[PDB]
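Below sits a lone chain in structure tokens, taken as the form deposited in one PDB entry.
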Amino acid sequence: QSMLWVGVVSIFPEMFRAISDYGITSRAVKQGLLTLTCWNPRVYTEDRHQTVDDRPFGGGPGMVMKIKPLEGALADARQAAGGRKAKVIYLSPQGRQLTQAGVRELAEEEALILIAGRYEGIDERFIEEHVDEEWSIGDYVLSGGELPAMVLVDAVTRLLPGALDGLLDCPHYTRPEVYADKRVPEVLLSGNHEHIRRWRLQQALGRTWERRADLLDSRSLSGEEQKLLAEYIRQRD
């Protein structure tokens, strides 16, 4: 049926309209490249206002997500994935940092179940028991895992065949040619493909070196790349 099956465990399934109703994610859902389902732990509660948080053992601020509701939603999602190999990922700052390399890897999966936490987190025993991998979108703290989940799905969905390198991007220009006495680089106005390719590559290399030299220390460069970057540096004020 679909290339990527995603099940999201979240108490705010309504938030995932941002990727289901918009962009390539929406387009992939309609094309059937991407199957997106939501599983509200709040529905697998058996009480008052469908409470899914409790007070933490040992005290402290905040609340913790109870096991029982989470258990429900995850069991349902696992069933819903069928005979697909589903990786269960918890979105948390304690997880492995998401990078483009990590995204390419994640795009090879046939099914993902994403747990979005709220409050202080979920019970460590749930994680021990049910979670295959922990992923972080960066070294900052968000109020929940819904946005991280959606970030992950967006990045991964981009790489799916028929949806649409360690360098930063070149600058981009479009109409008009001149705007408030700021003209577009001449090289992009000459129809020459080879000059344009060389200039963009060099600008990419230059910006990478200027702002993210760490990306250059990981990736070894081609001979042409070394020359173009050298020329960039030596010809800059």
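Here, rigid core means the biggest group of C-alpha atoms that superpose within 1.5 Å across both forms. Note that residue numbering begins at 1 and tracks the sequence as displayed.
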Unmodelled deposited residues between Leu164 and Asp165: none, 1 to 3, 4 to 9, or 10 or more? 10 or more
Per the record, averaged over C-alpha atoms, which has the higher B-factor: 114 to 122 or 145 to 153? 114 to 122
Which is higher on average in the deposited entry, the C-alpha temperature factors of 136 to 144 or of 83 to 91? 83 to 91
Taking the C-alpha B-factors as the PDB entry records them, is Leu98 in the lowest, middle or highest third of its chain? lowest
Within this chain's modelled residues, let me know which third the CA B factor of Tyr173 belongs to: lowest, middle or highest. lowest
Lowest, middle or highest third: where is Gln50 by Cα B-factor in its chain? highest
Split into thirds by Cα B-factor across the chain's modelled residues, where does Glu14 land: lowest, middle or highest? middle
CA B-factor ranking of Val64, expressed as a third of its chain: middle
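The form deposited in another entry exists for this protein as well; it is not shown, and the discussion that follows is about that form.
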Post core alignment: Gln50 C-alpha displaced by 2 Å or more between the shown form and the other one: yes
CA-CA separation of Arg48 and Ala75, closer or farther in the other entry than in the form shown [shift of 3 angstroms or more]: closer
